[PDB]
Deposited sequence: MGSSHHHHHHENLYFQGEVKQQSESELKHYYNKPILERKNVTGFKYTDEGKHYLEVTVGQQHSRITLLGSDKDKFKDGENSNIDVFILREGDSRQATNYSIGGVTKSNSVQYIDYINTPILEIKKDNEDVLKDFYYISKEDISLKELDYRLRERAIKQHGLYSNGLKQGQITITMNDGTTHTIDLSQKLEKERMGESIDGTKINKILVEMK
């Protein structure tokens, strides 16, 4: 649905880097607790992201939190969006791949990478944020389309815009230094 999709991607984001999270298991479910400042949060680990991190304390990790439900409880319940912070300190962006936004009618620009390890959850969200804010995505019936992220080795990561990023993928991450270009087509 247009409004239910525009609603989801208009939700605020809690993004913090260089934090510490505690991983554990509860009933076959794997979680990662993260408490930054006063906001307490529990991240759900699925498919991929669950094995990437070890049980117990995990230091030097970055977090991209988005509350799934609409319930107004204090704690944040998010899925995926956990990556490893950069191995070194960069004072500038690491990579600035080309970003095309075709409402097919093309607009040139770049996507600014500040992370070695970036989760699909972040890209998916940040790209659609831009599409909605400035190109009327999920407004006036404009709901179809596809995101194509091309790497230096030629592999591509495709994300259908007619639906929310499938959960099992929110935990995946890609080498932010190898991203060649990003294409956002709406139709």
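Going by the record, the unmodelled stretches of the deposited sequence, in order, are 1-22, 127-128.
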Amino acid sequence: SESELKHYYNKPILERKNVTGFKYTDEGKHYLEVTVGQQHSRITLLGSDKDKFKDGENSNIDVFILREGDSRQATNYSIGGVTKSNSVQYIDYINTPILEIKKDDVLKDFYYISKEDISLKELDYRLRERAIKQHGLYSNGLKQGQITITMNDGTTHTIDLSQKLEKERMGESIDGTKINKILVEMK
From here on, numbers count along this sequence of modelled residues.
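Here the stretch with the larger average CA B-factor, out of 140-148 and 63-71, is 140-148. Averaged over CA atoms, B-factors in the entry run higher in 131-139 than in the other of 36-44 and 131-139. Looking only at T158, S119, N58, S162, the residue with the top Cα B factor in the deposited structure is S162. Per the deposited record, the Cα B-factor of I79 falls in the lowest third when ranked against the other modelled residues of its chain. When all modelled residues of the chain are sorted by CA temperature factor, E15 is found within the lowest third. Sorting the modelled residues of the chain by their CA temperature factor places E172 in the middle third. The entry lists a Cα temperature factor for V106 that places it in the highest third of the chain's modelled residues. When the modelled residues of the chain are ordered by their C-alpha B factor, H30 lands in the middle third.
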